[PDB]
Amino acid sequence: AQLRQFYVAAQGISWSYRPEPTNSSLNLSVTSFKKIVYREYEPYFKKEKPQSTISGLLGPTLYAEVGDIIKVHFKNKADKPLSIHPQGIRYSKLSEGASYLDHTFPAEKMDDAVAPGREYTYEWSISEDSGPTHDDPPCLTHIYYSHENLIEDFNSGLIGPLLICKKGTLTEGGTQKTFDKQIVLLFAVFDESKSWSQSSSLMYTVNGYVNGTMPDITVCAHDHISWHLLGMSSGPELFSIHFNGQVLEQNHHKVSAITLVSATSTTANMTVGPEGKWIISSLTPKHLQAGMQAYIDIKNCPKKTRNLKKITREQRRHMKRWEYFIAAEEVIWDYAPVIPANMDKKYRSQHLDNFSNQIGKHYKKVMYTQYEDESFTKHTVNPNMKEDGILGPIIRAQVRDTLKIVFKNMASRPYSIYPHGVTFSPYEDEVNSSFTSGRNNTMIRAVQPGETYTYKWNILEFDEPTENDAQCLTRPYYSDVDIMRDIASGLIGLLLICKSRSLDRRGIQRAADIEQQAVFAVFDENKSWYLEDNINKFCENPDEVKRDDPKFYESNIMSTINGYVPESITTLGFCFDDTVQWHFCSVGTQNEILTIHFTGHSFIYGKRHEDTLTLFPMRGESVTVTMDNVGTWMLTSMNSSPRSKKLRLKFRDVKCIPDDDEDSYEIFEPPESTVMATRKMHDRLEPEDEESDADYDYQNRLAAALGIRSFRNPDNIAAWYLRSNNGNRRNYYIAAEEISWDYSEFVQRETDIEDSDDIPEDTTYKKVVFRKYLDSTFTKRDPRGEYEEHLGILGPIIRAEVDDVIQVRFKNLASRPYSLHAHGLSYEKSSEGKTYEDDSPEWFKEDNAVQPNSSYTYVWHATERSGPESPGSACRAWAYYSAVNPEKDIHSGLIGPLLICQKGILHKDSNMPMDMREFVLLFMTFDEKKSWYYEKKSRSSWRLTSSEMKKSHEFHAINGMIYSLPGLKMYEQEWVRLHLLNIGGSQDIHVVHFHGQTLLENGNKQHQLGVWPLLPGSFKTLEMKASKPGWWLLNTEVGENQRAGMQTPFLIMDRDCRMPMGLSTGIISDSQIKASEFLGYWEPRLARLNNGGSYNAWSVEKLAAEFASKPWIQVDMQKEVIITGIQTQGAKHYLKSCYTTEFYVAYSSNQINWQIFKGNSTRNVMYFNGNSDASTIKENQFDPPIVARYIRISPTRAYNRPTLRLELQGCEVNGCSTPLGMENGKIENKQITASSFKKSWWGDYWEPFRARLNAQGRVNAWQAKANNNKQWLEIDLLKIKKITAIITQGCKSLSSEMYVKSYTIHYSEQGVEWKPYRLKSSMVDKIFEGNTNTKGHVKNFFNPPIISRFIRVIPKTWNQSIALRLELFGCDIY
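Residue numbering for the sequence shown is 1 to 713, 1536 to 2196, as defined by the authors' numbering.
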């Protein structure tokens, strides 16, 4: 419950990018840079903290436990305004530091920009729902920075960690209990060109140190450590950190490489091993050449040395000849193999053969070849094993299988090998570290061209992966001499860290029948060590050497998959009910990443069945696909020209007829023959069939341990295929049709207060967008309700259920063909829509293309592996798009979500899944040069793409529109679901950040993450739990996209928006009640709910016939308000039943453009509902609340006279004018003080302690003792609050009434004082207008709110007495 007070300051530190403690060159410092950073101070800024060395510009580290507060006492000592902005849920509008359009008063604008040489005070509060609190890591990490200028105030060196932790861990010194260290690492890129002192800089630093000049950080050996890896850069960078020789554990995944994208952070743990130096490598092929790393030296502290189990429990020893005698060679390589079916013209007759005498016959291509003999006298296989081809030398490592790597360099250059996540033994280095010790304890890394060598490491059962990880981990191994040059030469393999899966010393696996190796390498011959043996030596046209030319240079860029370019001419055939296991990885001198769409099936991923994998550069991943379909399919990547339409691997999934191995070309080894016949899978040894590795007779010691001991103790067609699926079908009628569409919705009267913003692009653009119609015969559409206001460009949400069956009658209506393609779903090739080779005549090709003005009816089947796993969640998002040309279609607008929810989620609202809010958002940047309707020579510049506005034709949209995206409205403290998707703009990884909010995952039931990184292809379902009302801001915190256009001001409102908007009270005067048609004589100024008299309903003139037309009454508000319901009522004089039954509602913010859609609205199908009898107050609710100035209702069907009385239910503007609790009872009577509890001597007592609005009983107001202009009513709010508005009233006693008429307001500070309320733009006090009638209310507003907890009300001029019932509308500030 403590308060983490913190003193910070910002000063201009002259900072070179390296440290040096000398003199001669340390006065004349040749290189330097101006910088502004964060430096912590002792209280009152007298002294200054030590500022440990390893943190160069990384500012002070803030921290807290769940429950405490933070009072950062900022003080800007630099010469430009600055601020501080953390990440999470805490900040109210005066402690967030960001200055955007949120409609706040000049009081809460001070935190946004602190002038140079001025103080402030930042206060936060770590709630119970912003911390981990469960199986999350012991405690998380967030980055705090400057929000005044997200680009000029970061590269100037303004950043710092914010390390919030879990209740019960953090000590007083700011260090965890069990952990022995608290390290923080800032991988960053400080572009000094976009900085305060704009000088060019090629800086790829870490903490402010370049090329690895950071001083060595060191710890002891065999202890537990805690990491905190930040990362931040203006541009969209990527940091694939790698810990050499060690293993980490983030997110319960025993990973050996942590990936961070810009403006993100994470925490992780590891236990250090024996001593010896190490390196923190950055795997990204760009952060390598640049040069950035650290050093991990390990000391030897004389405290304790552990002694644990060495042998594998004395039974699973497995000590035999299962070592590996690998080597290197330079054999001939055919990228397209010898005489394939699908020949290629480029690589054959221009790059291998002597046809037109290009090179010769030979490629000098190195590869790790595997000899099975020790003496290196024979390869293991010269031909192939019927299904491998180039399945690499498989290195399967498990507990003590005598894994010895014998190595015989037989090449013409120094080479080596280097695995991943494999600690070395000091007998042989197995790494190219600098300090290779002397001849005594030697550690050799390279091998000269002709030598031999011997490595040594056999893993034991001491680093088994977590159960949440995959079955068989996969890791590469390559030549560590020069990575980019050696891998290009062709040195790479797979190192498989499986589990205790050995049944025999041959090493077969279980739980995965068939396995296939697939890596995505890209051999850049221009960076190979045999280009000279390609053009220089072996050649016949070197006459004028082809080089430095776009043709020749890019022609030898051979991006392949397992080397072989053309095709696996044997498509990967399979059986049914099998569980194939795949191993994925990728290398190549290229920064970008890949995503591998898996057409047709899906694979388990942490018990979720995802269908797209984003594999990162130079680190692998393993999946498991199941055979539950029949037909041909694909495995494709889709990023851009060289890889999208190229990387494909066709593979069957079939059997015919029994199991397909009686007369066919897939004879496996069961062999599905007569059951009485012999083959593999039936190898009965002496004892019995496969049980284990045979050992002692019984060896009673057959207990499996826990790992580490628990120690410390007309084409109107329909669907046709739904015959055997036997489904609970659900029908939809989509279409596709052109439309005009311009992203900029703020100039569409959203936030266009300006009048001179010159449009820098085209006015609008012609897209093609999905729609939703009502039946098989079209032209009867379904308009987008209030729910679908934020969809923007996405089609209709196609919802479903587990084990359902979907029928979709797509019907193209555009100029070129289109189609559909689901994801993670089940269908047939005649229900796929993808364009490639099939297994039938153009009968299965009926869906592959939907010609214009026609229609096809797909049949999709959502099975068990297509539903939302991870019981912590409810619905599972997905996507569908026009997959005829998947790159130019999605960039045209044809994209939509496809949700799948569990069994039970659907209400009697057409049975479409409902019962929990959900916003769907597709973060994507739209390119107009990749669409179909891209008129090339636009009217700005025809030569280049608007050379006058270069690259102005790419729009960073947030789900359609830009800067506006209206429709995002949530309550306070309500669980809303979010389906964030990203498949359009691939190479741009996005990180989603809501202001003042903390997201959440499920499955493992707990994950906060602060902000989430959207991987291009992932489908993420999260939960929000909105925090506080006001105008917040949704964006992506990559500073060069937040300013580019990805920022939407979503809205949190109050959680009690149920207050009358003035109809019954009297706020809404009768000067603004209109009517088109009328009912007799009953003036509409008398349409007030619960109004008595003789005429109490709506009319102006006489009707004489009213049953068919739809008259209307129009209420005005004079300001934009919220409306969350309506309170209907019936009228009569003595004998008119006269009630309305059905009635719809319109609304408008301009009185001209009306949106009549809340009657037959979203939750409704095509109707609304109303009253049931005479005066019995009946009310309805607008589930998505509406917000408009004018509102107009129209009754259709009533009882013999369509009358009504209406009363509205809304809230306010800033969005926190909630009842402070007077009438609610949330305030007790001990927060009200005044002068006299005025009593008579022949009657009652006049209580200034019952000033409740609309509370009834005895004298329930404050008639002061004696009349004078010097009484008052003082309210002690018990904590400083923002007092927004006031409502006065009048009182009486059964007789002549009297009431206040005009009052002034004296208020206080935190303490006891009283000061007048001088009008902002005046020189004297402000005067208010009190009541005018007895019971009617009057609302008075404050131009700036009164931020206090003392407030006095001065009755200045009144009517014959002081008397009022009072209610303040305030806000719970902190």
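Ideal placement from N, C-alpha and C gives every residue a C-beta, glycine not left out.
Where does the unbroken alpha helix (DSSP H) through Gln350 begin, and where does it stop? 345 to 351 is the span of the alpha helix (DSSP H), which, as asked, contains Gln350.
What three-state label does DSSP hand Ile708 in the structure shown? Judged by DSSP in its simplified three-state form, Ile708 adopts coil rather than helix or strand.
Which one or two residues does DSSP pair with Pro337 in a beta bridge? Under DSSP, no beta-bridge partner is assigned to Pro337.
Roughly how far, in whole angstroms, is the beta-carbon of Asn1863 from the beta-carbon of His1778, given that I think they are within contact range, below 8 Å? Contact check for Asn1863 and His1778: beta-carbon distance about 5 Å, within the 8 Å limit, so the pair qualifies.
Quick check: what's the CA-CA separation for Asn1538 versus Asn2002? Whole-angstrom Cα-Cα distance: 39 Å.
Tell me whether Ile258 is buried or exposed, calling it buried when 16 or more other Cβ atoms sit within 10 Å of its Cβ. Buried, by the Cβ-count rule.
Answer yes if the region 272 to 280 comes into contact with the region 632 to 646, meaning at least three C-beta pairs across the two stretches below 8 Å, and no otherwise. Under the three-pair Cβ rule at 8 Å, the region 632 to 646 does not count as touching the region 272 to 280.
At which residues does the alpha helix (DSSP H) containing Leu26 begin and terminate? For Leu26, the uninterrupted alpha helix (DSSP H) segment begins and ends at 24 to 27.
How would you call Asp429, buried or exposed, if buried means at least 16 neighbouring beta carbons within 10 angstroms? Burial call: buried.
Quick check: the Cα distance between residue 2197 and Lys527, rounded to an integer number of angstroms? This structure cannot speak to residue 2197, because the chain is shown only from 1 to 2196.
In the structure shown, what three-state DSSP assignment does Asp1711 receive? Judged by DSSP in its simplified three-state form, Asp1711 adopts helix.
Taking three-plus beta-carbon pairs below 8 Å as touching, is the region 190 to 203 in contact with the region 96 to 110? No, because fewer than three Cβ pairs between the region 190 to 203 and the region 96 to 110 fall closer than 8 Å, the two stretches do not touch.
In whole angstroms, what is the alpha-carbon distance linking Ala704 and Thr178? One C-alpha to the other measures close to 28 Å.
Selection from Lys1758, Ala1909, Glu1905, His224 that minimises the alpha carbon distance to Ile298: Closest by alpha carbon: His224.
Report all residues from its chain with a CB closer than 6 Å to the CB of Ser1808; omit the five preceding and five following residues, and keep chain order. Closer than 6 Å at the Cβ level, and outside the excluded window around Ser1808, lie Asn639, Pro1838.
Contact between the region 113 to 132 and the region 20 to 37: three or more CB pairs below 8 Å? No, the region 113 to 132 is not in contact with the region 20 to 37.
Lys645 to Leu635 span [Cα, whole Å]: When rounded, the distance between both Cα atoms is 11 Å.
So, helix, strand or coil for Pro550, using DSSP? DSSP, reduced to helix, strand and coil, places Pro550 within a helical segment of the structure shown.
Closest by CA to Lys1773, which one among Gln2093, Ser1916, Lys1751? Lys1773 has its Cα closest to that of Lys1751, out of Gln2093, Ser1916, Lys1751.
DSSP three-state assignment for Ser489, whether helix, strand or coil: If DSSP states are grouped into helix, strand and coil, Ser489 belongs with the helices.
Taking DSSP's pairing of strands, which residues face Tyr1703 in a bridge? Residue pairing of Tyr1703 in beta bridges, as defined by DSSP: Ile1717.
In terms of residues, what are the limits of the alpha helix (DSSP H) holding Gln1864? Looking at the DSSP string, the run of the alpha helix (DSSP H) that includes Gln1864 is 1861 to 1864.
Taking the alpha-carbon of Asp1626 as reference, which of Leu1721, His597, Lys404, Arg1907 has the nearest alpha-carbon? When each option's Cα is compared against that of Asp1626, the closest is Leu1721.
Less than 6 Å between C-beta atoms, sequence neighbours within five positions excluded: which residues of the same chain meet that for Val1967? Taken in chain order, the residues that qualify are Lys1980, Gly1981, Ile2015.
Report the three-state DSSP secondary structure of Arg306 (helix, strand or coil). Coil, per DSSP.
According to DSSP, residues forming a beta bridge with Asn2002: Per DSSP, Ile1948.
If I follow the unbroken beta strand (DSSP E) through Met270, where does it start and stop? First-last of the beta strand (DSSP E) with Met270: 266 to 271.
How big is the Cα-Cα spacing for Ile2149 and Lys2178? Rounded to the nearest angstrom, the two C-alpha atoms are 9 Å apart.
Hey, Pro86 and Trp124: beta-carbon distance below 8 Å or not? Contact flag set, yes.
Measure the C-alpha to C-alpha separation of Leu82 and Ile70 and round it to an integer number of angstroms. In this structure, the alpha-carbon of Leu82 lies about 19 Å from that of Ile70.
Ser1760 CB to nearest heavy atom of the ligand HEM below 7 Å: Of ligands this structure carries none, so the ligand HEM is not represented either.
Who are the near neighbours of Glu672 in its chain, counting only those whose CB is closer than 7 Å to its CB and skipping five residues on each side? The beta carbon of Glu672 is closer than 7 Å to those of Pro658, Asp659, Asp661 in its chain, skipping five residues each way along the sequence.
Neighbour-count burial assignment, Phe1965, 16 or more Cβ in a 10 Å radius: Buried.
Contact check, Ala521 vs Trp582 under 8 Å by CB: the rounded distance? With a contact defined as Cβ atoms closer than 8 Å, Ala521 and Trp582 miss out at about 16 Å.
Which residue spans inside the region 1816 to 1866 form an unbroken alpha helix (DSSP H) run of at least 4? With a minimum length of 4 residues, the continuous alpha helix (DSSP H) runs that stay inside the region 1816 to 1866 are 1861 to 1864.
CB contact flag (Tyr1595, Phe1632, <8 Å): At a Cβ-Cβ threshold of 8 Å, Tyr1595 and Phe1632 do not count as neighbours.
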